[PDB]
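Letter by letter, the chains look like this.
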Amino acid sequence: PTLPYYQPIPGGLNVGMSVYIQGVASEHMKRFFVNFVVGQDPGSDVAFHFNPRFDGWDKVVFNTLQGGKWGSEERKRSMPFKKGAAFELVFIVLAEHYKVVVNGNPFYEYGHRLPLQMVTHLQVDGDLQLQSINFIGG
Ligand SMILES: C[C@@H]1O[C@@H](O[C@H]2[C@H](O[C@H]3[C@H](O)[C@@H](O)[C@H](O)O[C@@H]3CO)O[C@H](CO)[C@H](O)[C@@H]2O)[C@@H](O)[C@H](O)[C@@H]1O
């Protein structure tokens, strides 16, 4: 796949589905993001924004964008990615949350703030190369 990536999720999200992303973090990475989007047009709500950042004390930010407004960020001050390194990034869609798994290691559970049933698109962009995106268990 080429970046930016912004594609419909086949059949939408359902509990039990996984999004499996294989990529390589840029040697000079500052950030990248994965968005679960309600729609495809500019201004669309983002049910789940997953945002690793290497600026400062390395961390991953998690949030939701609704009606043009970012909600209260969640943050985990641990960085499972590495500049220049390949990664395997998995989002397991469960009833209560998105379960994030990185390189086989469970990393975070982000509670749903918008209904998973209303997510239509996946958007990926930033300082990485994308090798593949697969939807499993749809
Ligand atoms: C640093 C910021 O990066 C972009 O905006 C992102 C937004 O930044 C938050 C920041 O994470 C938070 O700690 C602070 O309290 O408010 C900032 C402004 O909203 O965070 C959201 C997720 O919460 C997205 O990642 C945004 O891209 C940029 O647009 C800002 O100008 C600023 O440089």
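Listed as the method for this PDB entry is X-ray crystallography; the listed resolution is 1.8500 Å.

## Some thoughts on the overall build of the chain
Summing up its helical and strand segments, the chain has zero helices and twelve strands in all. Evaluated residue by residue, the chain yields a buried proportion of 43% over its 138 residues. Within the chain, contacts between residues at least 6 apart in sequence are counted, and of these 61% link residues at least 24 apart. On the chain, roughly 6,900 Å² of surface is accessible, and the fraction owed to carbon and sulfur atoms is 49%. Computed over 12 positive and 12 negative side-chain charges, the inter-centroid distance for the chain is 7 Å.

## What to know about the environment of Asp127
Among the structural elements, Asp127 can be located in the loop between β11 (121–126) and β12 (128–136). When residues no more than four places from it in sequence are discounted, the contact partners of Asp127 are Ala25, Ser26, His28, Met29, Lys30, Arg31 and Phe32. Within the structure, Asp127 has its side chain in polar contact with the backbone nitrogen of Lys30 (distance 2.8 Å).

## A word on the site of the ligand
Around the ligand, the structure places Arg31, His49, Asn51, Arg53, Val61, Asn63, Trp70, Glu73 and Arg75. Summarising the interface, the protein chains cover 43% of the accessible area of the ligand, which totals 610 Å² for the free molecule. Going through the elements one at a time, β4 (45–53) and β5 (59–66) are the ones with two or more residues in the shell around the ligand. Sorting elements by how many residues they give to the shell around the ligand places β4 first, with three residues.

## A word on the pattern of salt bridges
Overall, the coordinates contain four salt bridges when judged by the stated rule. Between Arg53 and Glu73 there is a salt bridge, and its shortest N-O distance comes to 3.7 Å. Separated by 20 residues along the polypeptide, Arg53 in strand β4 and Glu73 in the loop between β6 (69–70) and β7 (74–76) bring together distant segments of the chain. Take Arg53: its relative accessible area is 15%, and that puts it in the buried class. Judged by its relative accessible area of 30%, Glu73 is partly exposed. Across the pair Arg75 and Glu73 runs a salt bridge, and its minimum N-O distance is 3.2 Å.

## Observations concerning the sheet that holds strand β9 (residues 97–102)
On the basis of which strands lie adjacent, the open sheet formed by five strands has the order β10-β9-β8-β2-β12 and antiparallel pairing. The sheet is open, and its two borders are formed by β10 (105–111) and β12, each paired with just one other strand. Within the sheet, the average angular offset between the axes of one strand and its neighbour, ignoring direction, is 20 degrees. Sheet analysis places strand β2 (residues 18–25) next to strand β8 (residues 86–93), joined by seven bridges and oriented antiparallel. Counted as the bridge partner of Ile21 is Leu89 from β8.

## Things to note about the packing of aromatic side chains
One pass over the structure, following the stated rule, counts 17 aromatic pairs. Ring plane angle 10 degrees and centroid distance 4.5 Å describe the contact between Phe48 and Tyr110, whose orientation is recorded as stacked. Of this pair, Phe48 sits in strand β4 while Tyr110 sits in strand β10; the two residues are 62 residues apart in sequence, bridging distant segments of the chain. Take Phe48 and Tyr110: they sit in the same class, and that class is buried. On the numbers, 6.3 Å between centres and 40 degrees between planes, the contact of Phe62 with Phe107 is tilted. Of this pair, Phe62 sits in strand β5 while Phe107 sits in strand β10, placing them 45 residues apart in sequence. On the accessibility criterion, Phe107 (9% relative accessible area) is buried. Pairwise contacts between aromatic rings join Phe32, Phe36, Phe48, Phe50, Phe62, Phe81, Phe87, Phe91, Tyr98, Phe107, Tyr108 and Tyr110 into one cluster. Positioned above the aromatic ring of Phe54 is the side chain of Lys83, whose terminal nitrogen or guanidinium carbon lies 5.2 Å from the ring centre.

Quick notes on the rules
Residues numbered from 1 in each chain as written, not as in the entry; some residues may be left out. Heavy atoms only, no water. Helix = DSSP H or I, 4+ residues; strand = E, 2+ residues; numbered from the N terminus. Buried < 20%, exposed > 50% of the residue type's maximum accessible area, 1.4 Å probe, protein only. Contact = heavy atoms within 4.5 Å. Areas by Shrake-Rupley, 256 points an atom, 1.4 Å probe, with all protein chains shown as cover. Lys, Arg positive; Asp, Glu negative; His and termini not counted. Charge placed at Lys NZ, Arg CZ, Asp CG, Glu CD. Polar contact = N/O pair within 3.5 Å; in protein donor to acceptor, adjacent residues only side chain to side chain. Near = heavy atom within 4 Å. Salt bridge = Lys/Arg side-chain N within 4 Å of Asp/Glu carboxyl O. Pairing = 2+ DSSP bridges. Axes fitted to C-alpha atoms, helices over the stretch in contact; angles between N-to-C directions. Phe/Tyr/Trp six-rings, centres within 6.5 Å; stacked < 30°, edge-to-face > 60°. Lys NZ or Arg CZ within 6 Å of the ring centre and 35° of its normal.

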